[PDB]
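A.B. asks:
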Amino acid sequence: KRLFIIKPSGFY
Amino acid sequence: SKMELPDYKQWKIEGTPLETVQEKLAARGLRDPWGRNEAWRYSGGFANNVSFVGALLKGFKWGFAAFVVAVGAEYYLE
Amino acid sequence: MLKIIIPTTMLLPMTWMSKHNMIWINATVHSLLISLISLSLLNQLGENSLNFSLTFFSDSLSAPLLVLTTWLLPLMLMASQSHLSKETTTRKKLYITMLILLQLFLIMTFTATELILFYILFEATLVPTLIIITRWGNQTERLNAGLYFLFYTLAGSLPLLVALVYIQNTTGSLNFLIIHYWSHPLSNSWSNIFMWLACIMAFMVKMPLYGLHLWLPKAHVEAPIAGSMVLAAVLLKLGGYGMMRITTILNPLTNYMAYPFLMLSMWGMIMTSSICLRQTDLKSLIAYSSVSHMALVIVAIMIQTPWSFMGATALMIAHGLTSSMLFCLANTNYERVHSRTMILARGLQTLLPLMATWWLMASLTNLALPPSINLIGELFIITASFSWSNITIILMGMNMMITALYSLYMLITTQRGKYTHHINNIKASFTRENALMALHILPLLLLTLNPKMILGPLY
Amino acid sequence: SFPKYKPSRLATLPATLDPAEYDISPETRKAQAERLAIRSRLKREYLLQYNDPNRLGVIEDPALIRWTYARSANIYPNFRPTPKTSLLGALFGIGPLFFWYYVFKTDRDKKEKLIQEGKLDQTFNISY
Amino acid sequence: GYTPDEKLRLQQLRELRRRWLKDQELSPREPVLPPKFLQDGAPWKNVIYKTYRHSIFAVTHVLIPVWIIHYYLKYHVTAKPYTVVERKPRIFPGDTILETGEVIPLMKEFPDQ
Amino acid sequence: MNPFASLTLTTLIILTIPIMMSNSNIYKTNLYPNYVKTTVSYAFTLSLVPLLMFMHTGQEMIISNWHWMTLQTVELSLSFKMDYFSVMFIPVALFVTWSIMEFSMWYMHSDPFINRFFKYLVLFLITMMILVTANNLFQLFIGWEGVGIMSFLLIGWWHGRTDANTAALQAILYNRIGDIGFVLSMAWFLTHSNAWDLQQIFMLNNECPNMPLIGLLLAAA
Amino acid sequence: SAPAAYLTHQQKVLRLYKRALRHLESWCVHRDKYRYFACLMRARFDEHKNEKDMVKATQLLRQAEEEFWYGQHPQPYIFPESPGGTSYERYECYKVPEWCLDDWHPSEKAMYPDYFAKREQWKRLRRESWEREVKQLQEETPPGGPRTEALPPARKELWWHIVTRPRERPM
Amino acid sequence: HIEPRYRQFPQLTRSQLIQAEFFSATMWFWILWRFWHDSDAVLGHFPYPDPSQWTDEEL
Amino acid sequence: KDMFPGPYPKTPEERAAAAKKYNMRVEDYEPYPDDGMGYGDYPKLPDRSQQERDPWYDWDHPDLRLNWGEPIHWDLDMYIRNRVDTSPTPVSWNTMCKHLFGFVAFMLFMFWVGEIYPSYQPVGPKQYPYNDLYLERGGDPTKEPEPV
Amino acid sequence: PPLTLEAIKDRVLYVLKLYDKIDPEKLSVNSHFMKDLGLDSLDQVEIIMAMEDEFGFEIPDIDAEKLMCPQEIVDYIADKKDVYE
Ligand SMILES: CCCCCCCCCCCCCCCCC[C@@H](O)O[C@H](CO[C@H](O)CCCCCCCCCCCCCCC)COP(=O)(O)OCC[N+](C)(C)C
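Below, the structure written as structure tokens:
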């Protein structure tokens, strides 16, 4: 996309 | 894709109600530097306030007519 | 049953002989299995109390509790098994023995049957929980805490003991069934009144009463979580079980002696809940919430109306699960940041979501909203209380106010809001954590579908 | 204008109206210089703590610990018997519960006299 | 009136921050692992979504529940008394379909409007 | 009659399904919400029908498909009375809420977690349906309180700013103060009328109830 | 962003001015009337004692504060970013601190090779830098006065704090 | 699809104004058609003093 | 360490150690004082809900809004915001109380005097106009016992 | 409006131009505010509040004290809006 969002890892 | 800014020069204050205010300050002799800014964008362009009751009757001019068509249908049913 | 009880003993050899790094799996798996075996007991009967050996029986009042008690061991294991790691193998292997030995005493002390056997186990539970609070609790105060946990039980229990012996001399057998049948009223005088308090005070200590609850918070502040889950979810409830047992005697005197304790309880509930509204640190907040709910049980027992015992049973179990749930759910934070104080956690939701969901479910059933078994458990006893005195509602209502507030409060203060900046310590939620609390909360929700098996004997 | 604001425990006066805000002497200016001094001291400290790579973990400020300590462990050791606290404690203590004692007991007696000596007993109330 | 050192400080930090935000931007960096994936992709090979999507969607969400719940209707209503209690229809002067009957009354009323 | 019966219960139950779909991967997709607006759309379309069978012939219905817990004497059971009120009211809620769906798709179109937002919407509405429909008083209480807590989840949506949180807590607080009165009444009908059902209570209370009505009034407040 | 300093008279009267002027808009609503009374107001501040001895002046303030406080209006207009705000922290749900990403584990970290690359570049820059800010802070500082921060002189300048704040509307 | 301007507000699409005007007109058309369809603001006359012969008084 | 709060105000020369200990040497140190409530040697701080402290300042803990080592008000939690807010109000407190309580008073008394004089009954003077209807009586005599 | 630095400097000057006390030809992005131009603080408050008002953005007071050079202003909004353009 255009810009990088931050966000906690949602993998676990 | 930037839009251009319009113009510094073009915002006349003379047509504004604010000009009357600057006159009233002239009666005090006081200076009101900001008016050409404040009045420009707002009062001085598109601005031309719609009447209240006139705003309330926004649809009446057509509605009364379609209504005439309706009562015309009433007599037509007769 | 004698069938469920043997394997529970049998895990001990299995624990000791287990390979040094596999023990958790052993104890976990078999504890789960034995839970499922415990579940078959639940059947009961609609009329006669179920019976077994001469020395055990299984009233409907005991069965859901028994199922619960069997159910908790794996949970405490899942909580514990990362809390400790650096400990030596022999010491760990020594440690789970405390837990299982403990539940063994519970499975024995619920099925009773002689009230002297029931007593001696009732008090026998005291040792392992003491050892656990004292050796594996953190910070200094735990030492002192041990003492408060201890004498308050004994100072209560000891007179009860002498009283028990007395009765089996003034009447025939001490056994529960016949005494349920041979029961005859005791009345006024003065000797009989001291008999009354002698047969009540221990039970009313072990489930904290408002004038006497002081040890309980100071136990929960200290104990390692495996001690906390039991000390909250179970022992209180068993004190309630016994008090529901011994009320087969007494009467009509209960009609005359209930009042003072109904005042300490009806007032202590609003009071402790009020203190609950302003704690410094979470681990205590939960504890006072627990007392604030147990007061409801104790009036529910003393008004002695059948609705009140139904509500008694339900609320005992529901509060069991929800309280244990809040405790593990708090320990997680305490491990992630070692803060203990609630103010430091701050914006924990921002940094991780699913725990916020468990906070939501858990607190949500703490306040008790429909159709949680907590709620339905509570509404009955408000009904019977209201029958007992039309005024009483004005007290109960205030409870239902404050239990909302602080409950939501613990949610909104330790979650919603800004993250603290420098606290880098948090590390994104282990599988065992989610597994654990899912294990608390799912049974609690399925259980609402089929209350009729939890309401107990006076159903 | 005329009316003048009147400060109260729940409505502390705005700083702009405080007389102390105006009258000002060089030593008091030393007070503000001091306050900025210690405040700058501690905040400089907190920044030295806040952001060097090696800390990783949390760093609790001592004041908060003094507070949490003083909300619990330090209350009893001090105490002191004082008649104001003692009487106030007897009051909040035994008082209201005696109050509820009479308030329930009378109603109980009233239902007694109606159920028995009277006959105003409820019907249908078979649930119990 | 800023002190000059403050000025250079704010300048330096401004530059560094724009450098940061510029660093934040991503390019073709957005990515994904290959993606049962076939369990979805195979089904989409033949679907005509413009009408069929509404088809299957409506099929589930309105057709299944009513079949099911009505079957549950034959269960609970046929099984037990008082599972369903009608208001019972108002019956005017006109004859009932149950067995004719019924009659108008008097009609002594007079005048109109 | 029977078609009316299956009809209303369907005009409720289908609302439940998207929440169930919440664990399905479609929920994680951007695609989810329009299935919800469509869902309420079908729900409305279905919802009109009972109103019309209600129209020209005027019939009304109660169903109580499953007793939940048989106590002594009292046996509370879920029971969907479908009188004038409950039938007339549903299409309204479905209608306006459907419009709110379509609105919200645009109002929030920037927002992350929007899918969760819709989940909370449907989750709210269904509780509202629990309240409008319920005959048995206790079921009215679950609808009651559940609507309260949904109000809490939505008021606090922008959980960052404190003011949202205080607002949420404030709302739950005053609702609770009402709930005291609700419980007072709810007990009193059981102690006296022995009921928790509108049939029972309407039947047995020709006599003046001096007090339950006022606490129930407070709950209404 | 320019901390402290024990307060002085001039800036004081100024803030009173911006304040009073703003509440004055809150009353006058229309751009018109507001303009007029605004000019009248500044006209009051100059027409009064635009120059004077201090001891009178403070008294003039004590007058002004009252005269304002009476007229201050039950609620001023407030821009949403401001502490009143219709959205003072609507987005604080989102502004996750950067160190948290530093946790995603490789199956996620692989998906943004570029961003992570640049990021280790940064983190390297910091861990390399830090001792210099140590020595400099140690240097420029006296025992430790009211002032916060200190100028760059050859590199870096306590930057990691501000420079890597998570912008304003992350989502 | 729309541009910011800085005073002009390029009020896009006539269709918008067509809609707005359409509903305002739809409104008045309804209120008037209903006004002619009936005058619900009135119905039947009422009175007070009536006649003493209808009641009673004698002397 | 010794950092923990220490008993009793009564340290007239040793008070300096206390004022230092909480980081507030400027003789702002305010014991509550000696009293039986048992909280001693802790700074008494002016009441101030956290809204009162400046929002625009860059606090270490902006939600708490109270930097670092700065000693904390005893009842922090009651003033923590989301709780009591003792922010100053343009109209004075007592005036607040008087206007509202008086308002509710007038509202009630006017109400009940209203209750004394129902429509189509009223005070007799106005009732000379207000009288009407009666009207209500009706129904077949059966309805008197159709309801019975 | 994703916004850019040129848009900021342009809109800012575009407001400074309209203020009467400034003579538009003398205005420059780097043009100083007191040492150049005699506007004084009592008008400085006007230009700053009127200028933030254009954006709807809010100016904290201590930051309002600096201000002065228009470049310092465009820098300031550049920081608060985080434009990085
Ligand atoms: C379950 C909830 C519990 C509620 C609270 C429990 C009990 C609280 C009440 C405590 C009872 C009285 C003890 C209080 C202290 C009295 C002893 C002494 O310490 O108090 C002195 C001062 O206290 C008063 O003198 C005593 C007032 C006691 C009156 C309260 C009694 C209320 C009745 C409570 C019920 C009693 C139980 C009955 C059974 C139901 C201070 O000592 P001292 O400083 O050196 O000398 C006096 C200084 N002078 C000369 C300057 C005055």
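Heads up: the sequence lines are chains A, B, C, D, E, F, G, H, I and J, in that order. Under my numbering, the letters of the first sequence match residues 21 to 32, in that order. Under my numbering, the letters of the second sequence match residues 2 to 79, in that order. Under my numbering, the letters of the third sequence match residues 3 to 461, in that order. Under my numbering, the letters of the fourth sequence match residues 14 to 141, in that order. Under my numbering, the letters of the fifth sequence match residues 7 to 119, in that order. Under my numbering, the letters of the sixth sequence match residues -8 to 212, in that order. Under my numbering, the letters of the seventh sequence match residues -12 to 158, in that order. Under my numbering, the letters of the eighth sequence match residues 1043 to 1101, in that order. Under my numbering, the letters of the ninth sequence match residues 1243 to 1390, in that order. Under my numbering, the letters of the tenth sequence match residues 955 to 1039, in that order. Note that CB positions come from ideal geometry on N, CA and C, so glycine has one too.
Using a beta-carbon distance cut-off of less than 9 Å, what residues from the region 35 to 59 of chain E approach chain A?
C.D. replies: Correct list: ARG35, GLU36.
A.B. asks: Which first and last residues belong to the beta strand (DSSP E) in which residue 233 of chain F is found?
C.D. replies: For residue 233 of chain F there is no data in the structure shown, the boundaries of chain F being -8 and 212.
A.B. asks: Could you tell me the distance, in whole angstroms, from the CA atom of C:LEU13 to the CA atom of C:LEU86?
C.D. replies: Between C:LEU13 and C:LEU86, the C-alpha separation is close to 20 Å.
A.B. asks: Would the beta-carbon of E:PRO87 be found less than 6 Å away from any heavy atom of ligand 1?
C.D. replies: No, ligand 1 has no heavy atom inside 6 Å of this Cβ.
A.B. asks: With a cut-off of 7 Å, does the C-beta of E:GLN119 fall near any C-beta of chain G?
C.D. replies: For E:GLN119, the answer is no, since every Cβ of chain G falls outside 7 Å of its Cβ.
A.B. asks: Please list the partners that B:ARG42 has in chain H, where partner means a Cβ-to-Cβ separation under 7 Å.
C.D. replies: What B:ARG42 touches in chain H: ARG1049.
A.B. asks: Once you ignore the five residues that flank F:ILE10 on each side, which residues in its own chain have a CB closer than 7 Å to its CB?
C.D. replies: The residues are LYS110, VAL113, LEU114.
A.B. asks: May I ask you to report which of helix, strand or coil DSSP gives F:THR118?
C.D. replies: Three-state DSSP puts F:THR118 in a helix.
A.B. asks: Is any heavy atom in ligand 1 found nearer than 6 Å to the beta carbon of C:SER267?
C.D. replies: No; taking the cut-off as 6 Å, the Cβ of C:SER267 has no heavy atom of ligand 1 nearer than that.
A.B. asks: Please classify E:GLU115 as buried or exposed, where buried requires at least 16 other C-beta atoms within 10 Å of its C-beta.
C.D. replies: Per the 10 Å Cβ criterion, exposed.
A.B. asks: Quick one: residues in its chain with C-beta nearer than 7 Å to the C-beta of I:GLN1293, no 5 flanking neighbours on either side, listed in chain order?
C.D. replies: Contacts found: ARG1323, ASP1327, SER1329.
A.B. asks: Between D:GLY102 and ligand 1, is the CB less than 6 Å from at least one heavy atom?
C.D. replies: Yes, the beta carbon of D:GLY102 sits closer than 6 Å to at least one heavy atom of ligand 1.
A.B. asks: Assuming C:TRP198 is part of the alpha helix (DSSP H), what are its boundary residues?
C.D. replies: C:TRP198 -> alpha helix (DSSP H) spans 193 to 208.
A.B. asks: Between which residues of its own chain and C:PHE382 is the CB-CB distance below 6 Å, once the five residues before and five after are set aside?
C.D. replies: So the qualifying residues of the chain are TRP309, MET312, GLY313.
A.B. asks: For the alpha helix (DSSP H) that G:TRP109 lies in, which residues bound it at each end?
C.D. replies: Residues 100 to 127.
A.B. asks: Skipping 5 residues on each side, what residues in its chain have a beta carbon closer than 8 Å to that of C:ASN140?
C.D. replies: Counting only Cβ-Cβ distances below 8 Å, and skipping sequence neighbours, we find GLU224, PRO226.
A.B. asks: Going by DSSP, which residues form a beta bridge with C:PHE59?
C.D. replies: Looking at the DSSP assignment, C:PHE59 forms a beta bridge with C:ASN53.
A.B. asks: Can you pull out the residues from the region 1282 to 1308 of chain I whose beta carbon lies closer than 9 Å to at least one beta carbon of chain F?
C.D. replies: Answer set for the region 1282 to 1308 of chain I: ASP1305.
A.B. asks: Considering Cα atoms alone, identify which of C:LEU101, C:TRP184, C:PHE263, C:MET3 is closest to C:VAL232.
C.D. replies: Among C:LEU101, C:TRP184, C:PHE263, C:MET3, the Cα nearest to that of C:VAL232 is on C:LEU101.
A.B. asks: Could you tell me the alpha carbon to alpha carbon distance between F:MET119 and I:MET1245, rounded to whole angstroms?
C.D. replies: Between F:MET119 and I:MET1245, the C-alpha separation is close to 56 Å.
A.B. asks: Please work out which residues of its chain come closer than 6 Å, Cβ to Cβ, to C:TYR154, disregarding the five sequence neighbours upstream and downstream, and give them in chain order.
C.D. replies: Within the same chain, C:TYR154 has close Cβ partners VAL207, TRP217.
A.B. asks: Taking 6 Å as the cut-off, is the CB of D:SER99 close to at least one heavy atom of ligand 1?
C.D. replies: Yes, the Cβ of D:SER99 comes within 6 Å of a heavy atom of ligand 1.
A.B. asks: Can you give the beta carbon distance from D:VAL116 to C:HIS340, rounded, assuming they're within the 8 Å contact cut?
C.D. replies: About 48 Å separates the two Cβ atoms, so there is no contact after all.
A.B. asks: For the putative contact between C:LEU323 and C:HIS424, defined by C-beta atoms under 8 Å, what is the C-beta separation to the nearest angstrom?
C.D. replies: So it is not a contact: roughly 36 Å between Cβ atoms.
A.B. asks: Could you tell me which whole beta strand (DSSP E) segments of length 3 or greater appear in the region 353 to 405 of chain C?
C.D. replies: Within the region 353 to 405 of chain C, no complete beta strand (DSSP E) run reaches 3 residues.
A.B. asks: In terms of alpha-carbon separation, which member of F:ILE4, F:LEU209, F:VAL27 lies closest to F:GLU93?
C.D. replies: Per the Cα distances, F:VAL27.
A.B. asks: Assign E:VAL38 to one of three DSSP states: helix, strand, or coil.
C.D. replies: Residue state, collapsed to three classes: coil.
A.B. asks: Would you be able to state if there are at least three C-beta pairs under 8 Å between the region 287 to 303 of chain C and the region 416 to 434 of chain C?
C.D. replies: Judged by Cβ distances under 8 Å, the region 416 to 434 of chain C makes no contact with the region 287 to 303 of chain C, as fewer than three pairs qualify.
A.B. asks: How should C:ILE8 be labelled, buried or exposed, when 16 other C-beta atoms within 10 angstroms of its C-beta is the threshold for buried?
C.D. replies: When all chains shown are included, C:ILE8 counts as exposed.
A.B. asks: Using a Cβ-Cβ distance under 7 Å, would D:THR81 count as near chain C?
C.D. replies: It does: the Cβ of D:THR81 has a partner Cβ on chain C nearer than 7 Å.
A.B. asks: Return helix, strand or coil for C:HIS22, following the three-state DSSP convention.
C.D. replies: Coil, per DSSP.
A.B. asks: So which residues of chain J does E:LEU27 contact, with C-beta pairs closer than 7 Å?
C.D. replies: The answer, in chain order, is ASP1036, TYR1038.
A.B. asks: Flag this pair as touching only if the region 84 to 103 of chain G and the region 49 to 62 of chain D have three or more C-beta atom pairs under 8 Å; answer yes or no.
C.D. replies: Taking 8 Å as the limit for Cβ pairs, the verdict is that the region 49 to 62 of chain D does not touch the region 84 to 103 of chain G.
A.B. asks: If I follow the unbroken beta strand (DSSP E) through F:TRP59, where does it start and stop?
C.D. replies: Residues 52 to 61.
A.B. asks: Among F:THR124, F:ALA212, F:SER184, whose alpha-carbon lies nearest the alpha-carbon of F:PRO200?
C.D. replies: Checked all of F:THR124, F:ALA212, F:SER184; the closest Cα to F:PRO200 is F:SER184.
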